[PDB]
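The structure appears below as structure tokens.
Reconstructed Cβ throughout: ideal geometry from the backbone, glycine too, with neighbour counts over all protein chains shown. Every number here is computed from the coordinates shown, using simple stated rules; none is lab data.
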Amino acid sequence: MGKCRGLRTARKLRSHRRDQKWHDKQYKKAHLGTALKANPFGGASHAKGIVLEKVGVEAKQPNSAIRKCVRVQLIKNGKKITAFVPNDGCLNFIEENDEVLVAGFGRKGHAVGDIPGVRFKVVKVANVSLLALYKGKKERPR
Amino acid sequence: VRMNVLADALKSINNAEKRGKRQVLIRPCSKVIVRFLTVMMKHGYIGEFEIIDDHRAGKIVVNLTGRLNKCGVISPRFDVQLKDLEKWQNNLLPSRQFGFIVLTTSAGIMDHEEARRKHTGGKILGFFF
Amino acid sequence: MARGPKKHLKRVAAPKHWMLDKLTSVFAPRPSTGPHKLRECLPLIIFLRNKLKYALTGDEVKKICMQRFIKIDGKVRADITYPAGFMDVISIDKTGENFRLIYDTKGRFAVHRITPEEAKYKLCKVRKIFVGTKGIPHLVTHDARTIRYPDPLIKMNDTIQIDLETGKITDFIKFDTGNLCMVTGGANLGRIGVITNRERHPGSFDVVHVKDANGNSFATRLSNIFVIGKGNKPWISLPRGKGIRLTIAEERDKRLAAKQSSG
Amino acid sequence: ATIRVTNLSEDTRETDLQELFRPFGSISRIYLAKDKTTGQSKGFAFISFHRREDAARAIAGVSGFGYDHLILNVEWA
Amino acid sequence: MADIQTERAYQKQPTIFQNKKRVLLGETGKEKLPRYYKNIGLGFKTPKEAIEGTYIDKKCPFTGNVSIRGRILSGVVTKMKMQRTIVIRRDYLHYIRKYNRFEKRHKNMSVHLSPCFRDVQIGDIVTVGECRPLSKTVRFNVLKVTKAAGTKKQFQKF
RNA sequence: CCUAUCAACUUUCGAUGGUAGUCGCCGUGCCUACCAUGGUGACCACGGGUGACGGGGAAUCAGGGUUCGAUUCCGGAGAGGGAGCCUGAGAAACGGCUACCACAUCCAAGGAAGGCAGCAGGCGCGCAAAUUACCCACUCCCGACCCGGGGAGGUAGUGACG
RNA sequence: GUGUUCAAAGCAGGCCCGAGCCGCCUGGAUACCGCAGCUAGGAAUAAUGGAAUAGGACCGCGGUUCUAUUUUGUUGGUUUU
RNA sequence: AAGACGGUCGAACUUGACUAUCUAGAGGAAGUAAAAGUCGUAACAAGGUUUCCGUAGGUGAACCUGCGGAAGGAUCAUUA
């Protein structure tokens, strides 16, 4: 347990709780604004960028595959980020300087899967939805 | 030394009762202890007590019974305006069908059923059931 | 900013007891400047076309007023949003009907027809009784009517029959214990009753213990008590809803019993 | 204001500059001198910022910063 | 009490002035013209000190033109330093519902001390009353300096 | 609201107070003479930070709590930034003025006129947000007035916030 | 409280008379207020109160001196009370 | 009426100083990930020199040693 509980000790409880709140990792990163400064999501939810280059990534063990990512510089945030390209044989439709809409993954602020330095995934290629291309609802216009 | 006297008495009885022991020596002995014991006694939770008189501060020998399950202390005391009584009663008692919250009101140290009728609140001492 | 006073008032920010709607209109009538304060007032329009329903446009309301068939307090008005108040009499000269405004204990302004005998005068409580300039005395009523040379024995919280034919004092009623009062505003809105005791406290705020007709006892501030005449001697009748005090259960029983039993 | 950029490549177009000059605030427009008779991107550009602070920040940083293996030169227009 | 010729300007009270009439010389008062005193009500009585006075203070509500209206507060004198002002520390309770105990809080307030109160010291309980702002910090004025048990020098033998 | 990797702070260009005056719609170190040496802090002052307007209110929580509040209503504040002013009971006013500063416009080169954080619309910005429409008939506001004027406000259009 | 067809909501409504009944009538409750302040009842609980080399109570009383105004019509002086 | 005396409010400008925020940068030295390569064998069973602390110095490196500790050692146990 281990706390004060007199008849005037309101002030002591009020401030002690506030002081200890800051320790927690989940709390601290968000409240010091670190999340915005380091990662492009936190203070945004989606972000559009221009494709710098298409990268092949010879995925770190465990799991033997070529993961295949794109490198994107986001227009709003101004940060260079490597983002996973999901869906099967869908790397193809990306082109250098053809944009993409990037969004976070699912861990939030930290790397996913077997691959470090990637914590984001592509959602639209050519701003017209990678999903729609994969299904074949829509065609690649570019 | 002792910054509450209720808390020591209540524990003393419970620890006796666990053993099956039918005596305790509680002290320092105060007016509030007497009053708490009488209300407790009336409902049958404990047996009769006898106050021995000294010029130190007094000592009480309580002959207890195992009709009690727990006498808790609400230390530090809180205000109860008859709309935190309900919150306490659901929280810290096993049913609303039995058990008493015992408070001190300006109309006397009384069980909370009597408090509800008077509509006089005060400070919460403890409870039992 | 804020460079001067507003000339508008929005609806859904107007006082409840005028009995306007919620958001179905975005502007309330707003009282004009006059003898009473805007909180306690009842703009002429709300009485004329929302209670007595003689207009279904605002265009009509202006046209009604210009006929000058409406006198308010014996004097000829033409203001579209006249700031009428407590015991102000409205005189329709085309139909011969005199209506006065007095609170229900529900808290809604009553449509309360009175005879033209009772519309000759109204009882106004003194607010100040003033030794004016060059040693001439005056009384000043709540509704900001200054009457010179008033009766020379009067004192504060007296009531005063003002006459509306001719102006001036037309006798007075002395303030004494057990006088009839209507307690106006607050949680004691529209209740009638005697006095009992007026408790005096030096410095601001003095409370007046009132006992109503039913026998429910309560205090309010002196400010919230309005003296409406002499004890057990009304000069205008009780309004609808008792005008005394009624419980929500009793009120429900009346509402269901009277409805589908008329016609 | 308006800032001039020089030592652009013919593989560096308006789009390549657009993402480059966003950490120095948002550009209003990027005009780039092109001639299609000879080459593509001549060598000079004119970036127009909306705000005076953002424009000056660009000139300071970008001059000495490498982009496509060349030292970009930026200066007040 | 203290003279008003101590400064560099002689003062008078309103509508108290010299008629020296036909007879030679004064006034030239023998107490610097009749000392006018008046009550302030609300369970306070003008003391001897007002009547005895002739002081150049006029922030006193028993000889001045200041009016006392509003809240009447009490405090303990935390500091007396320089003339005609004291500092009182006003203890109050700030209510906390969120924690189930609540906390004392205080403020120090500079308050005028009239020369209608003398034989005063630090630790004294004092009753102050609201007034129009006399000076930038000081909104209040000492109406009565009480002595009062819990303070003692009340067990005596002289 | 957060902060001690902010512990002493406030006046030489008043900091607090006394006295007297100038001044102001009026109180008051408001300002000034003279005279005092005050005032404030571990009960967090002082300093720094702040997508820090405030409230009524909103979302979720057994209870306790936690989180939200520019945003249909109320108060305050500003109308490119600063400073000054006129009219008037009320304005330090951008659909008033005057200067400067930053922006923009016309020019015959001497000059001259300007402020959409009003309604629509456009550009820029971005992940993000609609008609360059119709009407004073309603609801109210203003005026010399029922009569007129109102991007107040109503009306449609856009609208898988929900 | 109220029959928006249910409902989100809204503050409405319901009857009688052929349409001269020149008509009758119910409503738009009540509840909530960080605090502090104001009023008032209680006196438990937690603090708080005093008489020690004496002090508080009851016109208990005296000798001494002072000042204010009633009053002996009025106004002044002296002397008391 | 221009103009004009002296003052007050005072935008702005000019020269030094200051702090915060942002950004270029040859180079230097760390930690992390990054994985199956190169040199030892340090701790893990007493790891074949039990481990580790404070502190000082030394060893290419793990690490070793002196001086005082601890057992979380391999000793809860040594004597007429």
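Couplings for region C:242-255, taken from phi via the Karplus curve 6.51 cos²θ - 1.76 cosθ + 1.60 with θ = phi - 60°, read 4, x, 10, 3, 9, 8, 4, 7, 4, 5, 5, 4, 5, 5 Hz in order; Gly and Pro are left as x. Of all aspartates and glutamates in the structure, the ones whose alpha carbon falls short of 17 Å from that of E:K12, not counting any fewer than 8 places away in one chain, are E:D3, E:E27, E:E31, E:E52, E:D57.
Computed over region C:175-245, relative contact order equals 35 percent, with contacts defined as Cα pairs under 8 Å that lie 6+ residues apart. Computed over chain A, the P(r) curve from all C-alpha pair distances, binned at 10 Å from the origin, holds 11, 33, 25, 13, 9, 7, 3, 0 percent per bin.
Site-free segments of chain C were taken between chymotrypsin sites (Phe, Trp or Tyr not before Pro) in DSSP loops having at most 15 other Cβ atoms within 10 Å, sites themselves excluded; the longest one is C:70-204. Over every Cα atom in chain D, the radius of gyration and the widest Cα-Cα span, Dmax, amount to 11.6, 37 Å.
Once the gyration tensor of the Cα atoms in region C:122-172 is diagonalised, the equivalent ellipsoid follows with semi-axes of 16, 12, 10 Å, ordered largest first.
Residues whose amide H lies under 5 Å from that of B:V102, counting only those 5 or more places away or on a different chain, are B:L125, B:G126, B:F127, B:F128; hydrogens are built 1.01 Å from N in the peptide plane.
Counted over region C:169-263 with a bin width of 5 Å, the fraction of Cα pairs per bin, in whole percents, is 3, 12, 21, 21, 16, 11, 8, 5, 3, 1, 0, 0. Here the spin labels are modelled as points 7 Å beyond Cα on the Cα-Cβ line, and at C:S25 and E:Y92 they lie 4.4 nm apart. Take the Cα of C:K53, step 7 Å toward its Cβ, do the same at E:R8, and the gap between the two points is 8.3 nm. Computing Rg and the Kirkwood Rh from the Cα coordinates of chain B gives a ratio, Rg/Rh, of 0.96. Residues A:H16, A:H110 in ascending order of nearby Cβ atoms (within 10 Å, fewest first): A:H110, A:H16. Express in % the proportion of alpha carbon pairs of region C:2-117 at distances exceeding 18 Å. Percent of Cα pairs beyond 18 Å in region C:2-117: 51. Taking C:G193, C:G241, C:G203 as the candidate residues, the one with maximal mean-square fluctuation in a Gaussian network model of chain C, Cα springs under 10 Å, is C:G203. A Gaussian network model of chain C, with springs between Cα atoms under 10 Å, assigns the largest mean-square fluctuation among C:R240, C:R30, C:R221 to C:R221. Annotation for region C:91-162: GluC sites (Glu not before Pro) lying in DSSP loop with at most 15 further Cβ atoms inside 10 Å of their Cβ are C:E117, C:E118. Label separation (C:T196 vs E:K81): 5.5 nm, computed from points 7 Å beyond Cα along the C-beta direction.
Here the ratio of the Cα radius of gyration of region E:80-158 to 2.2 N^0.38 Å is 1.38.
Taking every alpha-carbon pair within the protein assembly as shown, the share separated by more than 46 Å comes to 64 percent.
The mean of 1/r over all distinct Cα pairs in chain C, once inverted, gives the Kirkwood hydrodynamic radius of 20.2 Å.
C:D176 sits among other residues whose Cβ lies under 13 Å from its own Cβ, and their net charge, with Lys and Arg +1 and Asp and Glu -1, is +4. Kirkwood-type hydrodynamic radius, region B:69-129: 11.4 Å, calculated from all non-identical alpha-carbon pairs.
Derived scalar couplings between HN and Hα for region E:152-157 equal 6, 6, 9, 8, 9, 8 Hz in order, rounded to whole Hz, by the Karplus curve 6.51 cos²θ - 1.76 cosθ + 1.60 (θ = phi - 60°), x for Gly and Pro. A Förster radius of 56 Å, combined with the Cβ-Cβ distance separating C:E60 from A:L131, puts the computed FRET efficiency at roughly 0.35. The Rg/Rh ratio of region A:71-118, with both radii computed over alpha carbons and Rh defined as the Kirkwood radius, is 0.95. Label point 7 Å out from E:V120 along Cα-to-Cβ: which residues of region E:66-87 have amide N under 15 Å? Under cut-off, by backbone N: E:73-87. Considering only alpha-carbon pairs that sit under 8 angstrom and 6 or more positions apart, the relative contact order computed for region C:2-117 is 20 percent. Highest GNM mean-square fluctuation among C:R100, C:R39, C:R245, for chain C modelled with Cα contacts below 10 Å: C:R39. Using just its DSSP H runs of length 4 or more, each adding -39500 (n - 2.57), the protein assembly as shown gives a mean residue ellipticity at 222 nm of -4000 deg cm²/dmol after division by all residues. For chain E, the spherically averaged projection of the C-alpha convex hull amounts to 14.3 nm². Among the trypsin sites (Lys or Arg not before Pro) found in region E:23-54, those both in a DSSP coil and sparsely packed, with 16 or fewer other Cβ atoms within 10 Å of their Cβ, are E:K30, E:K38, E:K45.
Going by neighbour counts of Cβ atoms within 10 Å, the residues A:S64, C:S237 line up, fewest first, as A:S64, C:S237. Compactness ratio for region C:72-165: Cα radius of gyration over 2.2 N^0.38 Å (N = residue count) comes to 1.22. Pairs of Cα atoms in region B:1-68 fall into 5 Å distance bins, from 0 up to the last occupied one, in shares of 4, 18, 31, 27, 15, 5, 1 percent.
The stretch between B:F98 and B:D84 holds 3.2 nm of extra length on full extension. This uses 0.36 nm per residue minus the Cα-Cα distance.
Between D:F65 and A:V57, what's the calculated FRET efficiency when r is the beta-carbon distance and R0 is 25 Å? Round to 0.05. In this case the efficiency is close to 0.40.
Packing-based ranking of E:95-106, B:95-106 yields B:95-106, E:95-106, ordered from highest to lowest mean Cβ neighbour count within 10 Å.
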